[PDB]
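Here the structure comes first, spelled out in structure tokens, and everything after it is commentary.
Derivation of every value follows stated rules applied to the coordinates shown; laboratory data play no part. Cβ coordinates were reconstructed from backbone atoms using ideal geometry, including for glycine residues, and neighbour counts include every protein chain displayed.
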2 protein chains.
Amino acid sequence: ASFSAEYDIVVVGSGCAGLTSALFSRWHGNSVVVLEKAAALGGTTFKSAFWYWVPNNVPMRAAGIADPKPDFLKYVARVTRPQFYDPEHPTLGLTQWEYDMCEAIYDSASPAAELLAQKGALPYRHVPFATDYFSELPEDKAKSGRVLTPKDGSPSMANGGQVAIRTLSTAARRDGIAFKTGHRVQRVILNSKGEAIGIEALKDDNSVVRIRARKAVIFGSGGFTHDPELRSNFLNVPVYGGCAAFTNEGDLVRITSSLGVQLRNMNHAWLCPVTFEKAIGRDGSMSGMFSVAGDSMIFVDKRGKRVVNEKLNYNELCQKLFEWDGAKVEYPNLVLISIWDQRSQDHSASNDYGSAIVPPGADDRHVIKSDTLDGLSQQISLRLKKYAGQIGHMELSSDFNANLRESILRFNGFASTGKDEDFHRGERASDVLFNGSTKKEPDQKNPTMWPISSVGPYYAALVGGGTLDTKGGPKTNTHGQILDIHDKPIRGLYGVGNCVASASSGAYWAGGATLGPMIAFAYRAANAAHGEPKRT
Amino acid sequence: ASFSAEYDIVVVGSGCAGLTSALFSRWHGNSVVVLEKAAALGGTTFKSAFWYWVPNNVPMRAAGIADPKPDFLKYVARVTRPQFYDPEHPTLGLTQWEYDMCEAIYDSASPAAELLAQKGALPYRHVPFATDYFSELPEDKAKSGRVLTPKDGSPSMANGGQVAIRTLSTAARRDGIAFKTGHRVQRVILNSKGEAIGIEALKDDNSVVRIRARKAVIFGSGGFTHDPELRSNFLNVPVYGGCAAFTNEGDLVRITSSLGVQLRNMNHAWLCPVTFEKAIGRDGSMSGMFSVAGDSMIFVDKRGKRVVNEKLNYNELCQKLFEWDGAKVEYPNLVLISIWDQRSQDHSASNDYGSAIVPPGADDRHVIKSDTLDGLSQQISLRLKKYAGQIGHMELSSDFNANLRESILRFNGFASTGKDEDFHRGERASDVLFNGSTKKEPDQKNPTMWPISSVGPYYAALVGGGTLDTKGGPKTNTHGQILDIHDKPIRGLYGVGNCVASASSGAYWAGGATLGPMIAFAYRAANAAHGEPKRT
Ligand SMILES: Cc1cc2nc3c(=O)[nH]c(=O)nc-3n(C[C@H](O)[C@H](O)[C@H](O)COP(=O)(O)OP(=O)(O)OC[C@H]3O[C@@H](n4cnc5c(N)ncnc54)[C@H](O)[C@@H]3O)c2cc1C
Ligand SMILES: Cc1cc2nc3c(=O)[nH]c(=O)nc-3n(C[C@H](O)[C@H](O)[C@H](O)COP(=O)(O)OP(=O)(O)OC[C@H]3O[C@@H](n4cnc5c(N)ncnc54)[C@H](O)[C@@H]3O)c2cc1C
């Protein structure tokens, strides 16, 4: 029973979690390999803007923006476990584990960011204007300032992930880390003491390779969005997919099923609305709809009524789509219809951040069009019929047309006063902050709303619920060590990123709140793995 | 090193799943032991009404009533997977597994029920008037008739579970099945071929015993409602507890963590509202609130407004309590307040079916009382403050009193016309079916509503979200065999009832839809287990 290759540390996956874990490991003097399931490096990280939320970061301190630790913990506790949050409780109402993980994020994200930049692997610039998603909470004492992004990201920052994967992987090759693509890890090999001593991977040609790890196996294999069975059986909502890399199929869940782990936070994903047709069609370029485009634009349900603030934070807005009507045995908002006019088409269109409104040249198969409102509803009906088998054979109400006219009349009044009496669109900072581009109007009272045109053409797109990726898996301690059911480390076995349980439950603290913590844990995991004895 | 006892079949748990599995096994000629963690037999089953939903049962056929199998499958497919339900799809939109499991229920529930009755273990009577929970759906072609209950159950049927446990356990002892209480199974023992050959159990004195199973170990160990870590980490909603027996702590989840199983349907429980204070205080006698008592009674939120049909099916009503307000980072309906008057107190009180309205002599610590509405709100506020750390420090709104008066006036008008224009209380058959007792009023237009008295005293109780129990665990095939990750049986290992994955997802088809299927699977499991070779 022997191995065709041997390294000190074997890393699984080449997104943020894998690359950073590998670099930190290598810089301690270990030999390292990165095993990537796909043909290309980068996973979901590659598609991201690579905002990374780093509490008490060096640029903030240089700018004179304070980030006190007790207040950091209160902010995250209040957002993460609202029912239990208590400022007088010794762990703010969090479990000891959740509290310890949040503390580790605060302690380790900045040194991790600093080392990656110092070595030239992830040079950054500060994004001082990027504001926390629940900045209005009094617990938040550093409402803006925590976000970094790759130094050479574009001005929109939309290509940040591509830049990060380039800088990280360039530094990895420079520093002698080995890479194997088309290697799907499928097993952890144990010694007789039950310690991880290597992996088995399936190659594209269907050969199996065994690779030894002298000190540690570190998983950075991403989530399970694109295993439909796992997704449907674990998540708290029945999402249609998400912007995760399609190779993120929850392999670690199968890999650990015989290792005695504790699967934790399996009920939660990072959530976001998606352009429904791109989810169903498996458009690999799809982004979550982080900014819902248009000011002269509303969402309506199948009755032709507004049901939600369209500018609400994406992780929260997605949840509205899965409200349950128990009397009718249906999801009334399963798909919502975004409706906009020529003004929003011309001035709110974007290639970035999952906008449904796209400029000339962009893929617009998901866009529904008509010269009149009555014509639009007939076009929407055809689209619903096309996807009937995915959406409970949903149909527009027989009163749709008249309801939509009433909805627009009401909205147009709100747009003129600047006050949305129904859903408070534009009243929270995050509504304005992620509003997207608009035609700036001299006398606009609220930047998130402008009256919808009294003439066509009119445009629409179906909006459904998806993920960025999942955030449940084997529980680790704060050093990235995968625990057995008695809360003790399985020696040699580590996990970082979306493949292990996040301490953020169902919450999404700020932009960059996936990547920032992840880099902290890669640093802590690599530092602990470096201290393993060489084994078997 | 060895075993202190040996049987052909070892059954774990003494609720419906375990007792029926054991009886079926014994009647095939195997020696059988039943191992119970608690001091007494019966688990959650003991507390139930023991309705059991049996498609195509003998009473229905005697009435000349068809229960056509394709239509049975369409009903359960429509309720279980609403998004994907399609009458033209080869498995109605279900996965092959879901479809096969639902078919097995139809095929095996009636023969299982007939044999239990034939042997004198579970004599039954028909419950002809119990209509399915979604009987109005056109897919349901046998809208009433499927429910059986223990022949000697009381007229209310509330003691059906006690009767069933008595008849089942009496037959088990009569037929030579062995029983051991205070035996907490904690491990499955495997041979070198990886087959289950017995168990290890922890006894009360903290000794461990090994018991050999020549043919099979059959788990019927119930769900994980009362492991708060598992509950919070897996279920789709953050429930506070449930009427499951307190010994249902998800031991099988830990037992199988190194066995390579597929945990499935972990995101779903059988849901129901509960008397919140009884959940928090772990009242072991608590029932889920299947019947929300009172016609002169409303539920209000912390703003003093109605938000839901109070008579809606319990599994669906519970979901209303967990709607999420992303703008305020809170659950607006986390607890609702049931408010009633003297008429409902006197004529709707019940010790059964989880009623918050309780008769004289009953434990009434959960009941809030005051001589004016303004006084009632002051008493409710004190109760919210008592449980603040569990409910996000919820407070009544500053306009609560005025809103409550407006809510009562509006409801009173609905009660007089018989038409609840807001939430349609009483319009579905199931609202009437679980309406509970009421004072007969000559000219009452809708049995579920009567105007609330303009004089006190007034009464209230906090209502929160809970379970009957969970319905996620190791996936089995239709023969109750626990599968490995490659969908192949782990030889000798079986599971029946709440301890394994239900094929009903998040749905609750009808009264008796937990016990009816469970008896079908106990029969199929026992039949397959009987065919195992004797091993090790
Ligand atoms: C469009 C978009 C924008 C986003 N923007 C941001 C943002 O700006 N900030 C932020 O914090 N978050 C953002 N997110 C979320 C963020 O991208 C992810 O949470 C993060 O990139 C996940 O990193 P990871 O290393 O865990 O996984 P990934 O980057 O998904 O990498 C996992 C890798 O493991 C590989 N793998 C899987 N199985 C195996 C196996 N068996 N063997 C070997 N390799 C395997 C996969 O192929 C993949 O390459 C965004 C998400 C999307 C979709
Ligand atoms: C008040 C109430 C009323 C209900 N009414 C109905 C109804 O009318 N019809 C219906 O269909 N459903 C009803 N339900 C739901 C139904 O009672 C359950 O779904 C069903 O009884 C579960 O049966 P079971 O055998 O899987 O588990 P249980 O009856 O819970 O039995 C499991 C047993 O396993 C034991 N156990 C646990 N761990 C171990 C271990 N490690 N070793 C050994 N033993 C162990 C437990 O102590 C317990 O005795 C009701 C539920 C409640 C709470």
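Positive-end ranking of A:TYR353, A:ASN412, A:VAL33 along the dipole of chain A, with charges on Cβ about the Cα centre, is headed by A:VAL33. What the Cβ-Cβ distance of A:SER285 and B:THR170 gives, at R0 = 60 Å and to the nearest 0.05, is a FRET efficiency of 0.35.
Please give the charge dipole size of segment A:272-467, origin at the Cα centre, charges +1 on K and R Cβ atoms and -1 on D and E Cβ atoms. Round to the nearest 20 debye.
180
Using Cα-Cα distances under 8 Å and only pairs 6 or more residues apart, what relative contact order does segment A:58-152 have, in percent?
Numbers: 99 pairs, mean separation 30.9, N = 95.
After rounding, I find 32 percent.
Extending 7 Å from Cα along the Cβ direction at B:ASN351 and again at B:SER192 yields two label points whose distance is 6.0 nm.
Counting only other chains, and only Cβ atoms inside 10 Å, what mean value do you get across the residues of A:88-95? Don't jump to the answer; show the numbers that get you there.
Working: counts 1, 1, 0, 0, 0, 4, 0, 3.
Taking the mean over all residues of the peptide, I get 1.
What number, in percent, do you get for the relative contact order of chain B if the mean sequence gap of Cα pairs under 8 Å and at least 6 apart is divided by its residue count? Write out the running numbers ahead of the final one.
Details: 1285 pairs, mean separation 124.2, N = 536.
23 percent.
Ignoring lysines fewer than eight residues from A:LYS215 along the same chain, the ones with Cα atoms less than 24 angstrom from its Cα are A:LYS37, A:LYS119, A:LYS180, A:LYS193, A:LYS203, A:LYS475, A:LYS488, A:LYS534.
Mean separation of Cα pairs under 8 Å and 6+ residues apart, divided by the residue count of segment A:272-467: what relative contact order is that in percent? Worked out over segment A:272-467, it gives 37 percent.
Please give every one of the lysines within straight-line cross-link reach of B:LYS419, meaning a C-alpha to C-alpha distance under 27 Å, and leave out same-chain neighbours fewer than 8 residues apart. Straight-line reach from B:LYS419, under 27 Å: A:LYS302, A:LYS305, A:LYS328, B:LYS143, B:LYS302, B:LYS305, B:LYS311, B:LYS320, B:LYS439, B:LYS440, B:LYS445. Along segment B:272-283 the Karplus relation, 6.51 cos²θ - 1.76 cosθ + 1.60 evaluated at θ = phi - 60°, assigns HN-Hα couplings of 6, x, 9, 5, 4, 5, 6, 5, 4, x, 6, 6 Hz to successive residues, with x for each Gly and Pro. Positive end of the dipole of the protein assembly as shown (Cβ unit charges, origin at the Cα centre): among B:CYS499, B:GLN379, A:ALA22, the Cα lying farthest that way belongs to A:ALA22. The amide H of B:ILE298, built 1.01 Å from its N in the peptide plane, has B:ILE339 as neighbours under 5 Å, considering only residues 5 or more places off or on other chains. Here is how far apart the A:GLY120 label points are across copies: 8.9 nm, shortest first, using a point 7 Å from Cα toward Cβ. For segment B:445-452, backbone phi angles converted through the Karplus equation (6.51, -1.76, 1.60; θ = phi - 60°) give residue-by-residue couplings of 7, 9, x, 8, 9, 8, x, 6 Hz, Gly and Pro being listed as x.
Look at the stretch B:77-83: the mean tally of other chain Cβ atoms within 10 Å of its residues' Cβ atoms is 4.
For A:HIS424, the amide hydrogen comes within under 5 Å of no other amide hydrogen, counting only partners 5 or more places away or on other chains and with H modelled in the peptide plane. Model label points for B:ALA1 and A:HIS424, set 7 angstrom from Cα along the Cα-to-Cβ axis, are 7.1 nm apart. Please report the spacing between the Cα centers of segment B:366-421 and segment A:320-378 in Å, no decimals. Result: 39 Å between the Cα centres. Say the dipole of segment A:224-298 comes from +1 at the beta carbon of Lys and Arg and -1 at that of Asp and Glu; which of A:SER291, A:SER258, A:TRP270 then lies farthest toward its positive end? Of the options given, the answer is A:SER258.
Comment: the Cα-to-Cβ extended label point of A:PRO457, at 7 Å, lies 7.0 nm from its counterparts in the other copies, nearest first.
Applying both filters, DSSP loop and at most 13 other Cβ atoms within 10 Å, to the trypsin sites (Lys or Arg not before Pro) of segment B:339-428 gives B:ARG365.
Only counting other Cβ atoms within 10 Å, I'd like A:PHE299, B:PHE434, A:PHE521 sorted with the fewest neighbours first. Don't skip to the answer; put the middle values down first.
On the way: A:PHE299 26, B:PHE434 19, A:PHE521 30.
Lowest count first: B:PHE434, A:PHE299, A:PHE521.
Note on the protein assembly as shown: with charges restricted to the Cβ of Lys and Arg (+1) and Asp and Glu (-1), its dipole about the Cα centre is near 2680 debye.
The mean number of Cβ atoms from other chains found within 10 Å of a Cβ in peptide A:246-259 is 2, as a whole number.
In nanometres and ascending order, the distances from the B:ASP364 label point to those of the other copies are 6.9 (point 7 Å from Cα along Cα→Cβ).
Based on the alpha-carbon gyration tensor of segment A:272-467, what equivalent-ellipsoid semi-axes (square roots of 5 times the eigenvalues) come out, in whole Å, largest first?
Working: eigenvalues 104, 71, 61 Å².
The three semi-axes for segment A:272-467 are 23, 19, 17 Å.
Here's how it looks for A:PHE179: its modeled amide H is under 5 Å from those of A:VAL34, which are all 5 or more places away or on a different chain.
If you count, for each residue, the other Cβ atoms within 10 Å and average over each peptide, how do B:269-280, A:121-132 line up from highest to lowest? Before the final figure, lay out the partial values.
Values: B:269-280: 26.4, A:121-132: 19.7.
Taking the mean over residues of other Cβ atoms within 10 Å, the ranking is B:269-280, A:121-132.
For chain A, a crude dipole built from +1 on the beta carbon of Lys and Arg and -1 on the beta carbon of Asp and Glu, taken about the Cα centre, is about 1440 debye to the nearest 20.
Listed values for segment A:182-194 are Karplus-derived 3J(HN,Hα) couplings in whole Hz (6.51 cos²θ - 1.76 cosθ + 1.60, θ = phi - 60°), namely x, 10, 8, 5, 9, 7, 9, 8, 10, 7, 5, 8, x, and x replaces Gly and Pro.
Please give the FRET efficiency for B:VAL58 paired with B:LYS203, using the beta carbon to beta carbon distance and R0 = 60 Å, rounded to the nearest 0.05. Show your work: numbers first, answer last.
Working: r = 43 Å, r/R0 = 0.71.
Computed FRET efficiency for B:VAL58 and B:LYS203 comes out at 0.90.
Give the calculated FRET efficiency between A:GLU88 and B:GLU114 to the nearest 0.05, with a Förster radius of 56 Å applied to their Cβ-Cβ distance. Walk me through the numbers on the way to the answer.
Numbers: r = 60 Å, r/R0 = 1.08.
Efficiency for this residue pair is about 0.40.
Between A:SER416 and B:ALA40, the simple spin-label model (points 7 angstrom out along Cα→Cβ) gives 7.0 nm.
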